[PDB]
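Q: Fold the following and give me the result.
(2 chains)
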Amino acid sequence: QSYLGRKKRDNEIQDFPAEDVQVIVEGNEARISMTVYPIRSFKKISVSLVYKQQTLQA
Amino acid sequence: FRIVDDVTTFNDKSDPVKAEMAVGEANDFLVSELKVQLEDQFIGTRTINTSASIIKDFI
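A: Residues are numbered from 1 along each chain as shown, chains lettered A, B, ... in the order given. Structure as follows:
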């Protein structure tokens, strides 16, 4: 969690859920499972511009 | 000598605008002048948010 927190601090990753980080230890082996939302660079921006009427008074 | 009345040929006295020259004269100039002034002022201008307030102040 501390290691992933530093990555989020430096914006190397988007975010991670701390709850899903599960660690299982059995003998020599130590199974680790984690979830990470990777950082991505924008390459497409879609804009949906909608025109509408407005009524004025006074 | 004096003029008894300025009544028009239209005998329907219920409508003083048509029957009376003076009343109809004021209506014509009031309507005509308002028609010309509004066109020169507001037509062709942007429909800004304060357009309604400006038109009300002009009236």
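Q: near chain B, which residues of chain A show up?
A: A:56-58 (C-beta under 8 Å from any C-beta of the partner chain). Heads up, the C-betas are built off the backbone N, CA and C, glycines and all.
Q: Name the member of those with the most neighbours.
A: Neighbour counts for the residues of chain A next to chain B (other C-beta atoms under 10 Å in any protein chain shown) peak at residue A:56, which has 12 neighbours.
Q: mind checking how far the nearest residue to that residue once chain neighbours are set aside is from residue B:40?
A: Nearest non-adjacent residue to residue A:56, counting by C-beta to C-beta, 6 or more residues apart in numbering or on different chains: residue B:52, 4.1 Å away. Distance of residue B:52 to residue B:40, computed by C-beta to C-beta, to the nearest Å: 19 Å.
Q: List the contacts of the residue in chain B that chain A sits nearest to.
A: With C-beta to the nearest C-beta as the measure, residue B:52 is the residue of chain B nearest to chain A, at 4.1 Å. By C-beta atoms under 8 Å, 6 or more residues apart in numbering or on different chains, the residues touching residue B:52 are A:56-58.
Q: Could you confirm it falls within a strand?
A: No. Residue B:52 is assigned helix when assessed by DSSP: H, G, I helix; E, B strand; the rest coil, not a strand.
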